[PDB]
Amino acid sequence: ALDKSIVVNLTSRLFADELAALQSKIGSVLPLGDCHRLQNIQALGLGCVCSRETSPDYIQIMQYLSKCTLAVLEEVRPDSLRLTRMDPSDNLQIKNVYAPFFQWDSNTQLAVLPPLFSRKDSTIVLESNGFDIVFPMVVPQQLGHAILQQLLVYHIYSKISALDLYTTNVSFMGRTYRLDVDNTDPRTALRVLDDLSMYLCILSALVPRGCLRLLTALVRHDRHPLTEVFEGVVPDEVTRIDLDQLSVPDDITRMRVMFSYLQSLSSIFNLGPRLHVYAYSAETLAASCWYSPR
Amino acid sequence: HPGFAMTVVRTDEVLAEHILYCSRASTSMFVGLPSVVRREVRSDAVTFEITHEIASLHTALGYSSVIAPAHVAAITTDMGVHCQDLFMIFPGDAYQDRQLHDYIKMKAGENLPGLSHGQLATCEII
Amino acid sequence: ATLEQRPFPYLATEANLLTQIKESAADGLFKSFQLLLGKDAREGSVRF
Amino acid sequence: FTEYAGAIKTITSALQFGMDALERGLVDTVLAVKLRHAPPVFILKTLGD
Amino acid sequence: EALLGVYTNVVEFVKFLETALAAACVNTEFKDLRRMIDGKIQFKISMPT
Amino acid sequence: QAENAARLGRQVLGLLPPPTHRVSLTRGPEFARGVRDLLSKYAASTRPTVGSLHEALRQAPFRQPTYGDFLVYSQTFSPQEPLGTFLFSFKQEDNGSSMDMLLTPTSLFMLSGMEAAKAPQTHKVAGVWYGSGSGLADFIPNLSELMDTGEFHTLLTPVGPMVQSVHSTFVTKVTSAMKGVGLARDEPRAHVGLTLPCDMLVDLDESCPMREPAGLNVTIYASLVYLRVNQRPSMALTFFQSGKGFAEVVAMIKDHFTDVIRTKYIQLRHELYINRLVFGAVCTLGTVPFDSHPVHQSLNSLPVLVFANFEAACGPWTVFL
Amino acid sequence: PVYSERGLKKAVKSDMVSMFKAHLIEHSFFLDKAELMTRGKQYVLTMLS
Amino acid sequence: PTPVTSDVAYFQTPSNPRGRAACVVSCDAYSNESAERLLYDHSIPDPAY
Amino acid sequence: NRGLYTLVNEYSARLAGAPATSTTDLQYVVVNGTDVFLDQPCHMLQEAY
């Protein structure tokens with residue numbers, strides 16, 4: 001069968017300082033450029049798209065991430081980095097040392113994200129060779145989605161300012177977090193938002209009338225736990241659309257096209273490659289998972 | 001003549017053949033064993049890989065090898081009188097009138113399809 | 001006078017034939033060549 | 001038989017290639033080790049005195 | 001029409017040990033170099049006055 | 001004549017699925033001796049030989065496609081093809097036992113009815129394989145109405161490249177390939193690659209560079225675009241080739257079809273029909289390995305690409321706009 | 001092959017045509033240029049080797 | 001015929017009497033659209049000066 | 001600024017800051033140091049000829 005291993009040649013002996021950080025994160029996922037055994041250090045970083053002096057754009061970095069082949073480390077020798085590889089469709093041991101710590105279990109789900117909480121904590125610099133290395137973050141899909149939800153909401157409401165507690169905070173059961181935005185290039189994050197303005201005003205044209213009349217019967221008295229968004233008051237717009245008579249075969253043709261455009265929103269809310277964990281050990285922090293590029 | 005004079009700085013490249021002398025027994029060499037690694041197996045072909053590992057250590061403390069320029073083979077840089085366009089390095093900076101900035105850019109300036117004398121060389125102005 | 005890749009029993013020469021072949025074939029030193037990369041570089045099969 | 005035996009001549013000559021392109025790897029890297037530790041004459045001559 | 005000649009190169013390998021470059025070096029075959037992490041050579045220089 | 005029958009004793013027993021790894025515990029540690037294909041680093045010598053490495057060449061991966069068997073009217077499937085074309089299976093209703101309808105991309109050009117300059121080369125070639133276009137359109141009387149509501153992408157299932165066509169007078173048998181590289185029938189030891197017309201294919205990774213990562217995977221995508229020409233509904237099918245991930249290519253396909261989106265939707269300031277809103281759909285026709293060079297060919301000319309090591313993996317149609 | 005080791009680019013061909021001109025003027029009719037030199041035999045012999 | 005203000009220092013170095021150089025060996029192979037910008041286009045300086 | 005024995009060492013093994021490309025139409029700066037063999041003796045001496 002197949003071999004997969006990448007040993008990274010390197011032109012200077014590393015110091016004991018940076019050897020201690022790389023020894024601490026010995027099981028870690030990071031992308032790299034080319035699919036070969038021997039490799040320069042300038043491909044191993046995610047820092048070829050996320051630099052210090054250039055303003056990073058986290059969507060473009062994430063857009064960059066689904067192109068690259070991914071890799072897991074095996075050893076850190078004082079000269080050479082030795083890594084193993086991730087290919088479809090192979091079962092592999094994965095071991096999270098990822099610093100904003102979350103808990104996994106057996107039969108969980110994962111996805112790879114750029115560093116979005118602490119760049120200084122997740123990037124170590126190599127002064128010996130001058131090139132810095134950026135580690136990505138692996139997140140379960142629920143917070144994997146909910147960070148990209150808050151990041152798209154941010155770039156809408158930074159443009160309107162042309163304050164922070166509603167825009168830059170990712171919410172979750174038990175914890176709240178801070179997204180890292182000081183210098184972001186919004187332009188690659190806005191062509192995503194330009195295509196959202198395409199889908200969302202088409203979805204406002206084919207709204208079913210029976211589902212709007214269902215809310216005018218619902219939110220006025222029938223209060224439910226998950227309808228507290230409207231706070232007990234109907235919007236002014238929903239009363240204006242339901243003036244027509246309801247007819248069933250009109251909404252049959254509407255709810256098919258409502259169904260088919262919600263197939264398209266997969267393409268604009270995509271994460272990177274996904275990781276299907278089938279067995280996860282708790283006290284050892286390792287796992288087992290098969291890699292699927294989509 | 002405007003109010004100022006100016007100096008000009010170039011570069012030059014010379015294809016040079018070299019004599020490398022190396023004294024005896026200056027590096028100790030360590031030679032491992034080759035192996036064969038099979039990977040990237042496809043339906044038309046199967047790719048292999050033969051790898052080898054070497055350790056090299058410097059035996060003595062003084063310098064034990066000396067290179068030297070010996071023979072000029074060519075001049076590539078053409079010693080041209082082309083000067084560098086600061087419009088290319090700094091495209092963001094521009095004049096306040098966007099109608100006057102497109103005038104001065106007209107009066108000064110992949111454009112070359114062929115060059116006769118040699119590889120063209122940028123100058124400066126101090 | 002046609003080129004063909006039939007599996008001839010090629011004979012061996014002492015003299016080298018490798019000096020300036022990367023930039024002579026690309027710039028057209030001699031007509032009627034064919035470059036073979038990788039798995040193509042083989043004496044394939046016989047079919048009469 | 002002449003299809004088999006002409007395909008075993010392919011795979012050896014594809015593998016004599018593999019070893020004899022690695023003996024060039026010695027001669028490359030040993031010469032590249034020397035050039036990293038070879039300062040020129042004009043620097044080293046006055047230091048030699 | 002005729003075949004008149006069917007000719008082909010033969011690449012003769014040149015060993016590093018039979019190059020005269022190896023007179024600038026000291027060669028030892030070392031069976032397990034992948035096991036080694038680091039090498040070291042230590043000097044003791046006395047200086048009389 | 002048993003010498004002829006002992007050949008099948010050799011070749012069938014040599015060509016089987018690898019059996020399940022099951023060793024009784026009373027034998028001891030003999031099962032570890034039966035793990036040979038997981039071992040992936042083989043020893044080399046000073047002068048390695050085939051006799052040294054005939055064990056390393058012996059262990060091979062287990063690869064096999066899953067063919068499809070189609071029985072086609074000989075009016076639709078033109079009797080001469082370049083043996084590697086891509087296929088589709090249009091499906092409306094089971095009327096008989098097994099009579100199947102297959103659509104090559106040159107046949108689906110003729111049912112479309114688009115203008116000549118949209119695909120200037122295949123219009124000449126698809127007009128000599130077929131008539132004026134009504135030799136095929138009599139099977140689908142709903143070509144005017146499937147294009148209005150936009151159901152035509154839901155009725156095609158991408159199948160894969162040809163392997164063999166045994167042609168008779170009234171009925172043509174067609175064996176295609178799913179799930180991977182189909183074995184060539186007439187040439188032994190060979191692999192049928194997928195052949196596309198150069199006119200239909202639209203490359204997507206092309207730069208000056210003016211740097212992008214390499215990988216293991218580049219995926220051929222199909223697309224099918226609902227439009228209107230001469231105030232008549234008609235379709236347009238193109239191909240795409242990029243390894244950029246599905247999140248970019250949907251944004252890269254919309255930039256290609258920017259003009260066609262605008263010239264359609266100038267109409268619906270006047271008439272807003274919700275059936276008309278569906279525009280395109282994108283499938284995934286399977287992967288190509290990275291850095292395999294598509295080899296140009298020409299047939300009668302018709303320039304036709306070909307892809308080595310194409311392995312097929314069909315996907316659904318997702319409606320982009 | 002010291003000139004075409006990079007491949008004949010657009011700037012190598014210009015450096016190479018600029019040596020077609022310079023040898024056509026300086027070293028031409030060499031057995032007539034060496035009737036009036038001081039070296040003589042040493043110039044023809046390095047021209048004809 | 002030539003303007004009376006043309007340089008004498010053009011007539012010492014051996015180039016053609018067109019006023020622009022006509023070397024086409026310098027430019028790219030089989031690109032007829034690119035070799036015409038040398039001869040007749042005046043957006044660029046001539047390759048001599 | 002450092003002692004001159006380190007400047008003899010770093011002179012050969014380290015391609016210094018802001019070099020120039022070779023063989024390409026204009027003087028570009030080379031970022032791909034896998035191939036380029038240039039030695040520039042103007043940084044140690046700090047002159048211009």
# chains A, B, ... in the order shown; residues from 1 in each chain; ligands from 1

$ interface_residues --of "chain F" --to "chain B" --cutoff "8 Å" --atoms "only C-alpha atoms" --output "number ranges by chain"
F: 40-45, 181, 191, 308-309

$ write_last_selection --atoms "N, CA and C atoms" --output "PDB file, in the first residue's frame"
ATOM      1  N   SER F  40       5.627  -0.661   3.652  1.00  0.00           N
ATOM      2  CA  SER F  40       5.757   0.306   2.573  1.00  0.00           C
ATOM      3  C   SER F  40       7.172   0.814   2.340  1.00  0.00           C
ATOM      4  N   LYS F  41       8.152   0.403   3.139  1.00  0.00           N
ATOM      5  CA  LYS F  41       9.544   0.785   2.918  1.00  0.00           C
ATOM      6  C   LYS F  41      10.348  -0.474   2.642  1.00  0.00           C
ATOM      7  N   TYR F  42      10.907  -0.566   1.443  1.00  0.00           N
ATOM      8  CA  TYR F  42      11.661  -1.739   1.040  1.00  0.00           C
ATOM      9  C   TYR F  42      13.146  -1.419   0.992  1.00  0.00           C
ATOM     10  N   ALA F  43      13.961  -2.406   1.342  1.00  0.00           N
ATOM     11  CA  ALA F  43      15.400  -2.210   1.392  1.00  0.00           C
ATOM     12  C   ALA F  43      15.986  -2.114  -0.009  1.00  0.00           C
ATOM     13  N   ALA F  44      16.922  -1.191  -0.181  1.00  0.00           N
ATOM     14  CA  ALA F  44      17.689  -1.070  -1.407  1.00  0.00           C
ATOM     15  C   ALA F  44      19.117  -1.523  -1.151  1.00  0.00           C
ATOM     16  N   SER F  45      19.799  -1.892  -2.229  1.00  0.00           N
ATOM     17  CA  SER F  45      21.160  -2.400  -2.158  1.00  0.00           C
ATOM     18  C   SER F  45      22.071  -1.477  -2.950  1.00  0.00           C
ATOM     19  N   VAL F 181     -11.319   4.204 -13.004  1.00  0.00           N
ATOM     20  CA  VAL F 181     -10.712   4.065 -14.317  1.00  0.00           C
ATOM     21  C   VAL F 181     -11.190   2.762 -14.941  1.00  0.00           C
ATOM     22  N   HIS F 191      -6.123   1.666 -20.322  1.00  0.00           N
ATOM     23  CA  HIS F 191      -7.079   2.385 -19.493  1.00  0.00           C
ATOM     24  C   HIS F 191      -7.767   3.420 -20.363  1.00  0.00           C
ATOM     25  N   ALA F 308      -5.655  11.582 -18.824  1.00  0.00           N
ATOM     26  CA  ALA F 308      -5.195  10.324 -18.264  1.00  0.00           C
ATOM     27  C   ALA F 308      -5.601  10.224 -16.801  1.00  0.00           C
ATOM     28  N   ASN F 309      -5.814   8.982 -16.350  1.00  0.00           N
ATOM     29  CA  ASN F 309      -6.081   8.632 -14.946  1.00  0.00           C
ATOM     30  C   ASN F 309      -7.334   9.301 -14.388  1.00  0.00           C
TER      31      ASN F 309
END

$ closest_atom_pairs --of "chain I" --to "chain B" --cutoff "6 Å" --atoms "only C-alpha atoms" --output "Markdown table"
| residue | atom | partner | partner_atom | distance |
| --- | --- | --- | --- | --- |
| I:25 | CA | B:119 | CA | 5.5 |
| I:26 | CA | B:120 | CA | 5.3 |
| I:27 | CA | B:121 | CA | 5.9 |

$ write_last_selection --atoms "N, CA and C atoms" --output "CSV table (one decimal), in the first residue's frame"
chain,number,residue,atom,x,y,z
I,25,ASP,N,14.7,40.1,-18.2
I,25,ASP,CA,14.7,41.4,-19.0
I,25,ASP,C,15.2,42.6,-18.2
I,26,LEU,N,14.6,42.8,-17.0
I,26,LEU,CA,15.1,43.9,-16.2
I,26,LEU,C,15.7,43.4,-14.9
I,27,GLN,N,16.3,44.3,-14.1
I,27,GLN,CA,16.8,43.9,-12.8
I,27,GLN,C,15.7,43.8,-11.8

$ atom_distance --atom1 "atom CA of residue 173 of chain A" --atom2 "atom CA of residue 26 of chain A"
29.5 Å

$ interface_residues --of "chain F" --to "chain C" --cutoff "12 Å" --atoms "only C-alpha atoms" --output "list in words"
residues 187, 188, 189, 190, 292 and 293 of chain F

$ write_last_selection --atoms "N, CA and C atoms" --output "mmCIF file, in the first residue's frame"
data_model
loop_
_atom_site.group_PDB
_atom_site.id
_atom_site.type_symbol
_atom_site.label_atom_id
_atom_site.label_comp_id
_atom_site.auth_asym_id
_atom_site.auth_seq_id
_atom_site.Cartn_x
_atom_site.Cartn_y
_atom_site.Cartn_z
ATOM 1 N N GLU F 187 -7.813 -2.907 -26.640
ATOM 2 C CA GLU F 187 -6.403 -2.910 -26.287
ATOM 3 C C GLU F 187 -6.262 -3.514 -24.898
ATOM 4 N N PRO F 188 -5.441 -4.545 -24.739
ATOM 5 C CA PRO F 188 -5.205 -5.101 -23.408
ATOM 6 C C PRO F 188 -4.313 -4.178 -22.601
ATOM 7 N N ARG F 189 -4.368 -4.360 -21.276
ATOM 8 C CA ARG F 189 -3.522 -3.683 -20.287
ATOM 9 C C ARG F 189 -3.666 -2.165 -20.317
ATOM 10 N N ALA F 190 -4.763 -1.649 -20.854
ATOM 11 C CA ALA F 190 -4.895 -0.235 -21.143
ATOM 12 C C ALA F 190 -6.050 0.340 -20.343
ATOM 13 N N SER F 292 -1.401 15.973 -14.399
ATOM 14 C CA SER F 292 -1.595 15.197 -15.617
ATOM 15 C C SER F 292 -1.908 16.141 -16.770
ATOM 16 N N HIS F 293 -1.121 16.058 -17.833
ATOM 17 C CA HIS F 293 -1.287 16.963 -18.963
ATOM 18 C C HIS F 293 -2.448 16.504 -19.835
#

$ atom_distance --atom1 "atom CA of residue 21 of chain A" --atom2 "atom CA of residue 124 of chain A"
7.8 Å

$ interface_residues --of "chain E" --to "chain B" --cutoff "9 Å" --atoms "only C-alpha atoms" --output "PyMOL selection string"
chain E and resi 21-34+39-41

$ closest_atom_pairs --of "chain D" --to "segment 30-37 of chain I" --cutoff "12 Å" --atoms "only C-alpha atoms" --output "tab-separated table"
residue	atom	partner	partner_atom	distance
D:32	CA	I:37	CA	11.1
D:35	CA	I:37	CA	10.4
D:36	CA	I:37	CA	11.3

$ closest_residue --among "E:1, E:46, E:6, E:11" --to "residue 15 of chain C" --atoms "only C-alpha atoms"
E:11

$ closest_atom_pairs --of "chain G" --to "chain I" --cutoff "8 Å" --atoms "only C-alpha atoms" --output "JSON lines"
{"residue": "G:6", "atom": "CA", "partner": "I:23", "partner_atom": "CA", "distance": 7.8}
{"residue": "G:9", "atom": "CA", "partner": "I:23", "partner_atom": "CA", "distance": 7.1}
{"residue": "G:10", "atom": "CA", "partner": "I:25", "partner_atom": "CA", "distance": 7.3}
{"residue": "G:11", "atom": "CA", "partner": "I:23", "partner_atom": "CA", "distance": 5.8}
{"residue": "G:12", "atom": "CA", "partner": "I:23", "partner_atom": "CA", "distance": 6.7}

$ select_by_dssp --residues "chain E" --states "helix (DSSP H, G or I)" --output "short mmCIF file (atom, residue, chain, number, x, y, z; two decimals) with N, CA, C and O atoms, in the first residue's frame"
data_model
loop_
_atom_site.label_atom_id
_atom_site.label_comp_id
_atom_site.auth_asym_id
_atom_site.auth_seq_id
_atom_site.Cartn_x
_atom_site.Cartn_y
_atom_site.Cartn_z
N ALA E 20 38.49 12.46 -7.93
CA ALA E 20 39.59 12.99 -7.14
C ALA E 20 39.13 14.10 -6.22
O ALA E 20 39.94 14.67 -5.49
N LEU E 21 37.83 14.43 -6.24
CA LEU E 21 37.27 15.33 -5.24
C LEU E 21 37.38 14.74 -3.85
O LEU E 21 37.57 15.48 -2.88
N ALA E 22 37.28 13.41 -3.72
CA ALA E 22 37.31 12.74 -2.43
C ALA E 22 38.66 12.83 -1.74
O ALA E 22 38.76 12.45 -0.56
N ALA E 23 39.70 13.31 -2.42
CA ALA E 23 40.96 13.62 -1.75
C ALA E 23 40.84 14.82 -0.83
O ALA E 23 41.69 14.99 0.05
N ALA E 24 39.81 15.65 -0.98
CA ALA E 24 39.55 16.73 -0.05
C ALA E 24 38.65 16.32 1.11
O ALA E 24 38.21 17.19 1.86
#

$ interface_residues --of "chain D" --to "chain C" --cutoff "12 Å" --atoms "only C-alpha atoms" --output "MDAnalysis selection string"
chainID D and resid 1:14 17

$ write_last_selection --atoms "N, CA and C atoms" --output "compact mmCIF listing (two decimals), in the first residue's frame"
# COMPACT_ATOMS: atom_id res chain seq x y z
N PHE D 1 7.45 -13.83 -24.92
CA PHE D 1 8.72 -13.83 -24.21
C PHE D 1 9.49 -12.55 -24.48
N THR D 2 9.46 -12.08 -25.73
CA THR D 2 10.15 -10.84 -26.08
C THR D 2 9.37 -9.60 -25.67
N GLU D 3 8.13 -9.77 -25.20
CA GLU D 3 7.42 -8.67 -24.56
C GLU D 3 7.76 -8.58 -23.08
N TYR D 4 7.84 -9.73 -22.42
CA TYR D 4 8.28 -9.81 -21.02
C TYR D 4 9.71 -9.31 -20.87
N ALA D 5 10.64 -9.90 -21.61
CA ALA D 5 12.06 -9.61 -21.46
C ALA D 5 12.44 -8.24 -21.99
N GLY D 6 11.60 -7.59 -22.78
CA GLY D 6 11.83 -6.20 -23.13
C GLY D 6 11.18 -5.22 -22.19
N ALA D 7 10.41 -5.71 -21.23
CA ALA D 7 9.83 -4.88 -20.18
C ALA D 7 10.62 -5.00 -18.88
N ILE D 8 11.43 -6.05 -18.75
CA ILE D 8 12.33 -6.14 -17.61
C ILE D 8 13.59 -5.34 -17.90
N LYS D 9 13.84 -5.02 -19.17
CA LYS D 9 14.94 -4.12 -19.52
C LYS D 9 14.54 -2.67 -19.30
N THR D 10 13.23 -2.39 -19.36
CA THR D 10 12.74 -1.05 -19.06
C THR D 10 12.90 -0.74 -17.58
N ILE D 11 12.51 -1.68 -16.73
CA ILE D 11 12.37 -1.39 -15.31
C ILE D 11 13.72 -1.43 -14.61
N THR D 12 14.70 -2.15 -15.16
CA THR D 12 16.06 -2.03 -14.63
C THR D 12 16.68 -0.70 -15.01
N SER D 13 16.52 -0.29 -16.28
CA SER D 13 17.10 0.97 -16.73
C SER D 13 16.37 2.17 -16.15
N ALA D 14 15.15 1.96 -15.64
CA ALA D 14 14.48 2.96 -14.84
C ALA D 14 14.92 2.94 -13.39
N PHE D 17 18.86 4.16 -13.31
CA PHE D 17 18.64 5.60 -13.25
C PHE D 17 18.50 6.12 -11.82

$ select_by_dssp --residues "chain B" --states "strand (DSSP E or B)" --output "PyMOL selection string"
chain B and resi 14-18+21-22+27-31+35-37+39-41+46-47+50-51+54-58+65-67+69-75+83+123

$ interface_residues --of "chain F" --to "chain D" --cutoff "10 Å" --atoms "only C-alpha atoms" --output "PyMOL selection string"
chain F and resi 44-50

$ closest_atom_pairs --of "chain A" --to "chain B" --cutoff "12 Å" --atoms "only C-alpha atoms" --output "Markdown table"
| residue | atom | partner | partner_atom | distance |
| --- | --- | --- | --- | --- |
| A:1 | CA | B:39 | CA | 8.0 |
| A:2 | CA | B:39 | CA | 5.1 |
| A:3 | CA | B:39 | CA | 5.0 |
| A:4 | CA | B:39 | CA | 7.1 |
| A:5 | CA | B:39 | CA | 9.6 |
| A:6 | CA | B:39 | CA | 11.8 |
| A:7 | CA | B:51 | CA | 11.1 |
| A:9 | CA | B:53 | CA | 11.1 |
| A:35 | CA | B:40 | CA | 9.5 |
| A:36 | CA | B:39 | CA | 9.8 |
| A:37 | CA | B:49 | CA | 8.9 |
| A:38 | CA | B:51 | CA | 9.7 |
| A:79 | CA | B:55 | CA | 11.6 |
| A:85 | CA | B:39 | CA | 11.7 |
| A:87 | CA | B:40 | CA | 10.6 |

$ atom_distance --atom1 "atom CA of residue 18 of chain F" --atom2 "atom CA of residue 58 of chain F"
13.3 Å

$ closest_atom_pairs --of "chain C" --to "chain H" --cutoff "12 Å" --atoms "only C-alpha atoms" --output "tab-separated table"
residue	atom	partner	partner_atom	distance
C:26	CA	H:29	CA	10.4
C:27	CA	H:29	CA	8.3
C:28	CA	H:29	CA	10.4

$ interface_residues --of "chain A" --to "chain I" --cutoff "12 Å" --atoms "only C-alpha atoms" --output "list in words"
residues 11, 12, 39, 40, 42 and 129 of chain A

$ write_last_selection --atoms "N, CA and C atoms" --output "PDB file, in the first residue's frame"
ATOM      1  N   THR A  11      17.866  24.908   7.047  1.00  0.00           N
ATOM      2  CA  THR A  11      19.202  25.419   6.776  1.00  0.00           C
ATOM      3  C   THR A  11      19.930  25.955   8.002  1.00  0.00           C
ATOM      4  N   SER A  12      19.312  25.943   9.178  1.00  0.00           N
ATOM      5  CA  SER A  12      19.996  26.398  10.381  1.00  0.00           C
ATOM      6  C   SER A  12      19.571  25.547  11.564  1.00  0.00           C
ATOM      7  N   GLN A  39      11.147  19.197   1.462  1.00  0.00           N
ATOM      8  CA  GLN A  39      10.302  20.379   1.445  1.00  0.00           C
ATOM      9  C   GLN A  39      11.025  21.504   2.168  1.00  0.00           C
ATOM     10  N   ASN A  40      10.860  22.719   1.652  1.00  0.00           N
ATOM     11  CA  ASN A  40      11.394  23.914   2.286  1.00  0.00           C
ATOM     12  C   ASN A  40      10.519  24.277   3.472  1.00  0.00           C
ATOM     13  N   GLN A  42       9.481  27.240   4.011  1.00  0.00           N
ATOM     14  CA  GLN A  42       8.600  28.330   3.609  1.00  0.00           C
ATOM     15  C   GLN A  42       7.273  27.853   3.030  1.00  0.00           C
ATOM     16  N   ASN A 129      15.628  31.276  11.346  1.00  0.00           N
ATOM     17  CA  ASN A 129      15.514  31.252   9.897  1.00  0.00           C
ATOM     18  C   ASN A 129      14.799  32.473   9.337  1.00  0.00           C
TER      19      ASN A 129
END

$ closest_atom_pairs --of "chain H" --to "chain G" --cutoff "10 Å" --atoms "only C-alpha atoms" --output "JSON lines"
{"residue": "H:14", "atom": "CA", "partner": "G:21", "partner_atom": "CA", "distance": 9.5}
{"residue": "H:23", "atom": "CA", "partner": "G:17", "partner_atom": "CA", "distance": 8.9}
{"residue": "H:24", "atom": "CA", "partner": "G:14", "partner_atom": "CA", "distance": 9.8}
{"residue": "H:25", "atom": "CA", "partner": "G:13", "partner_atom": "CA", "distance": 7.0}
{"residue": "H:26", "atom": "CA", "partner": "G:14", "partner_atom": "CA", "distance": 5.2}
{"residue": "H:27", "atom": "CA", "partner": "G:10", "partner_atom": "CA", "distance": 5.9}
{"residue": "H:28", "atom": "CA", "partner": "G:10", "partner_atom": "CA", "distance": 6.6}
{"residue": "H:29", "atom": "CA", "partner": "G:10", "partner_atom": "CA", "distance": 9.5}

$ residues_around --residues "residue 20 of chain C" --least-positions-apart "5" --cutoff "9 Å" --atoms "only C-alpha atoms" --output "list in words"
residues 25 of chain C; 1, 4 and 5 of chain G
